[PDB]
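Below is one structure, written out as structure tokens, with a few remarks after it.
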Amino acid sequence: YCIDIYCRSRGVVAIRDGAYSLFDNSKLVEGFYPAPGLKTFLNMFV
Amino acid sequence: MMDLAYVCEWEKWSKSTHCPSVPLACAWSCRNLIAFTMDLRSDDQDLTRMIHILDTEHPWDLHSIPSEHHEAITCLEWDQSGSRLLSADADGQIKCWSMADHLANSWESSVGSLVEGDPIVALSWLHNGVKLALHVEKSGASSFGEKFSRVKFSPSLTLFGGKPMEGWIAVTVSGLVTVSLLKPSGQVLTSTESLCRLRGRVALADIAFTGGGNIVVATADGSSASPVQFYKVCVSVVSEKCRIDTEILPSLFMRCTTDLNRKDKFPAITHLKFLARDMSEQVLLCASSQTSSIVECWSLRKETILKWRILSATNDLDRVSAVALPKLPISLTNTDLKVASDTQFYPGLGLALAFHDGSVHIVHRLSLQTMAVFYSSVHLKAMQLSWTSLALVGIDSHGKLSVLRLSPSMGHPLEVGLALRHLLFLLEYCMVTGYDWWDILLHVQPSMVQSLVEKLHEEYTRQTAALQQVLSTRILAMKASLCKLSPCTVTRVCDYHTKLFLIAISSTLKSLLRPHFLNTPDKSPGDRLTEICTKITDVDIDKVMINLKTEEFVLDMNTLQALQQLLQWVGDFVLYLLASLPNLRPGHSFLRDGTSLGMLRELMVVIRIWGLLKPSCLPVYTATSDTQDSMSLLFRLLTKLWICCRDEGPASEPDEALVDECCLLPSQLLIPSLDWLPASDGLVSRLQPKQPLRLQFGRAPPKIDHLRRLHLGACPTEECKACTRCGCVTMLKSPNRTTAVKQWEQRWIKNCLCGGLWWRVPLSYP
Amino acid sequence: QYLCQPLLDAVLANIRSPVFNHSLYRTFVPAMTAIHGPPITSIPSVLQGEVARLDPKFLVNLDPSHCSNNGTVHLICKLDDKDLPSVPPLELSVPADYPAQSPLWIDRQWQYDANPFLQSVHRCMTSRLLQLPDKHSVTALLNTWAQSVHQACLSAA
Ligand SMILES: [Zn+2]
């Protein structure tokens, strides 16, 4: 499982899924399997 | 009333030492460019022979033409347009500076006259026969033909047609007058001739024109007890050569010499000025002693048939150091005097008189009674009013150059509807002509801005359908420049500039397609395309593209390839707009305008056809899938948005299916970024009433070419022009002179699309 | 070189095109901005340094005479030391662009006459001046002067 973290300005951090692409959405990264349900969990904190 | 808008000073380059001062020249053009000379006097005397060009919206950037004038520059004089500048010095040598490569930063003179050794004391361009009068009592009359009307003036020297020749006439300190006529070819004809047979000193001189094509030149020898003589000059061309015919007119003497109480004071006539060039019948004189002065107005009026009689005179003043006469051509008759006194319209009725203390008096034209007083808190050695006469520029007895705003009612408080009607009247006058409206934006408060914009649109309507054609981009530029001035309305200006850019692309693309054969005649293929795209509301792009005779939409596959960056902007703007739909941003106006979305549809259809002819012309989208037709996707979403707004009396809020599909667009494609044109460095947004900006010259209190959409680097290697109003940047010379879409590049040679001039920007060299 | 050559061939093929950085931008910025995120969040002072570091024997001052605040500068020094005798003041002409060149000693033969002792001072001083390396300082001249005075005291007695 992988999760990206981007620190940004004004006390804001944007997180992502990691295993997916930033390009071909269907394809996955070489060593990371996508985490199911990750978005809903992050939404709870937002 | 008077407020100092700003004071621009030289830094450390003042303190002229050991060499005495010289008189200065100053000239405000129709476009807002000040040309003026100053006494810098540091390590060279050519620093007193440089002609500074100051664009009035970015004063820090002062260009400095190194004129090759061996003596001091007497006169500066802009064209009837704003495009050439005549400069003459002592010892002859009139030079005619023109722009180099249509930059307002590069001037070069190829044409000039020379009467060697004789100092030029008056200089004027010849009159081109265009004169209009402003009827203030018809300010509400809802048609521009009633407000501003041409007054049947004749141009001196018409040549083979209705067309006037361009040229100048100068008057030397001897009796000599000289006329130079510029041909349409590069040739120039000169002729000099004495004014009268009794050759005598001409220490002050002035030039007006008349109906009938006669120049009227007034001479004085400074003595104030000698007559101010007058000559009628008639120019002709005899078969190859200029020919000057002079004739004496009635001279005048001056009051305060027949005063007989103490007549010996005021022994020097110091300023002689006709009240306006083309108003040759009234004359303003200014006698002066060492400390005091008198101005007087005289008129030729007939009864000896013609005879100069006095109109008015001031009581006693300080010594008048400079005089500026207005340029706004008001209609001046009795009803218009009445209505401009009732509704307090005072822009065309003022002269400004600087004095040798700090004060400046704005005084009436006809009976010289003081209308306003501004105390400087050192004297103005040169003043000039503006073409709408709302601001006066002035060079001091130091390096300081100041711009003052004069209120249109001279400080007397008006209700907001009258101030709206005054400024709207002036903006309409700048719209009918091509003059710049910057001085008006000095006077627009923020709290009125929105109401003013409404009035402009209502006056853009109800004109006679050809004025609406010719005033389109002028009113978009005026709308954008007005909406810059208020925090409620600051968001919309980007929209207006993109609107200009959209039209500038749209027509040109519809200009490029030359129909190879006329099928269904009497409709050009722009109109066939618009009809076909407006009747076919199919959501697919193939079904629209089928019915459009696509053997007509053919180019040579060279220019078709060179159109790539403009088509890239079209596709990127469409994608940015549709992704911006779920959210006040740079695109908020376009989502509800049916016409612009129709134009974007038409461009997407012709882009699809041109992509089928040659696939390299197409825009590129970085797609997060490889089995995707991105153009058809964006066209589907655009049709579904546009059918919302193409309804009659609709205002349909967009349904949720479009909202979720346009939420999916950052997932499917990458929304790039865009550059929005008005990078605002204009002073008018920065200024406030009662607070003057104190600037230094040259101090100046993701880089794209906005017109040909080329990405420059971080620190760009090729040099650039910047527009002076919107602020768009283009590189100066074209990148590929072979593959250049000259239908697009040659539109913006002389101006930007917003209208402002180009102005060369210096390279960084980091 | 190896594993990197075709990039080098492409970029060195395409220099001097005015649309070059446009091409680099279009081919490289979307990948980087997708992965890496959006971008970033009177007298020359050398002589004042010499004079400020001199021994309190010397008393270097500017000449009232001679051009001032211009290229070269001119100095009248002094000498105070109980061990050394009072001597003629010494006149120095320091050029502009002072380092990378040697200052000049303004010679006054007439005051170094009229005594045997000042003659010995002068002979020994011209000797040590010939012995000096090139591009010497001011302090080398002043120290050869003090050593010359000391040798002319010792040789005499
Ligand atoms: Zn512009």
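Residue numbers (the deposited numbering), protein chains in the order written: chain N, 922 to 967; chain P, 12 to 314, 335 to 408, 429 to 634, 639 to 756, 777 to 841; chain O, 615 to 655, 673 to 788. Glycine residues also receive a C-beta, built at the ideal position from the N, C-alpha and C atoms.
Paired residues, beta bridge with residue i - DSSP
i, result
"P:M806", "P:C795"
"P:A355", "P:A383"
"P:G178", "P:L192"
"P:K313", "P:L337"
"P:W89", "P:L96"
"P:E127", "Its beta-bridge partners do not exist; DSSP assigns none."
"P:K106", "P:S98 and P:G123"
"P:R754", "Answer is none; P:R754 lacks a bridge partner."
"P:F405", "P:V391"
"P:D14", "P:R456"
"P:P77", "P:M61"
"P:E307", "P:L296 and P:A344"
"O:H705", "O:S724"
Whole-Å CB distance - residue i paired with residue j, under 8 angstroms assumed
i, j, result
"P:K796", "P:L807", "6 angstroms"
"P:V351", "P:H282", "7 angstroms"
"residue 3 of chain P", "P:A555", "This structure cannot settle anything about residue 3 of chain P, because the visible part of chain P is limited to 12 through 841."
"P:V244", "P:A231", "Incorrect: roughly 17 angstroms between the Cβ atoms, too far for contact."
"P:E479", "P:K158", "7 angstroms"
"P:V483", "P:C37", "Contact doesn't hold; Cβ gap of about 27 angstroms is too wide."
"P:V132", "P:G103", "Actually they do not touch by this definition, with Cβ atoms about 12 angstroms apart."
"P:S117", "P:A111", "4 angstroms"
"P:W39", "P:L750", "With 8 angstroms as the limit, P:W39 and P:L750 do not qualify as a contact, their Cβ atoms being about 18 angstroms apart."
"P:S202", "P:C267", "With a Cβ gap of about 38 angstroms, P:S202 and P:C267 do not count as contacting."
"P:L492", "P:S532", "6 angstroms"
"P:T679", "N:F944", "6 angstroms"
"P:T814", "P:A613", "4 angstroms"
"P:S124", "P:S205", "The pair is not a contact, with the Cβ atoms about 16 angstroms apart (cut-off 8 angstroms)."
Environment of residue i [buried if 16+ CB atoms lie within 10 Å]
i, result
"O:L622", "exposed"
"P:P670", "exposed"
"P:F405", "buried"
"P:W179", "buried"
"P:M529", "buried"
"P:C30", "exposed"
"residue 671 of chain O", "Regarding the residue in question, residue 671 of chain O is not represented: chain O runs 655 and then 673, omitting everything in between."
"O:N635", "buried"
"O:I654", "exposed"
"P:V739", "buried"
"P:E708", "exposed"
"P:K142", "buried"
"P:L145", "buried"
Residue i Cβ short of 7 angstroms to ligand 1 heavy atom set
i, result
"residue 334 of chain P", "No coordinates exist for residue 334 of chain P in the structure shown, because the numbering of chain P passes directly from 314 to 335."
"P:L782", "no"
"P:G737", "no"
"N:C923", "no"
"P:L828", "yes"
"P:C19", "no"
"P:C798", "yes"
"P:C699", "no"
"P:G485", "no"
"P:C539", "no"
"P:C801", "yes"
"P:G788", "no"
"P:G140", "no"
"P:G831", "yes"
To test your reading of the DSSP string, which unbroken beta strand (DSSP E) runs of 3 or more residues are found completely within the stretch 198-284 of chain P?
Entirely contained in the stretch 198-284 of chain P, the beta strand (DSSP E) runs reaching 3 residues are, in chain order, 199-205, 215-220, 226-231, 240-249 and 252-259.
Taking only runs that begin and end inside the stretch 504-535 of chain P, name each unbroken alpha helix (DSSP H) of 4 or more residues, in chain order.
Qualifying alpha helix (DSSP H) stretches, in chain order: 518-521 and 523-534.
Going residue by residue through the stretch 926-966 of chain N, where are the continuous alpha helix (DSSP H) segments of at least 4 residues, counting only ones entirely within it?
For the alpha helix (DSSP H) assignment, the uninterrupted runs of no fewer than 4 residues enclosed by the stretch 926-966 of chain N are, from N- to C-terminal side, 959-966.
Can you give, in chain order, each stretch of the alpha helix (DSSP H) that sits fully within the stretch 536-621 of chain P and has at least 4 residues?
Within the stretch 536-621 of chain P, the complete alpha helix (DSSP H) runs of at least 4 residues are 544-563, 576-586, 592-597 and 610-613.
Runs of alpha helix (DSSP H) lying entirely within the stretch 653-712 of chain P, each at least 4 residues, in chain order
The qualifying runs are 685-700.
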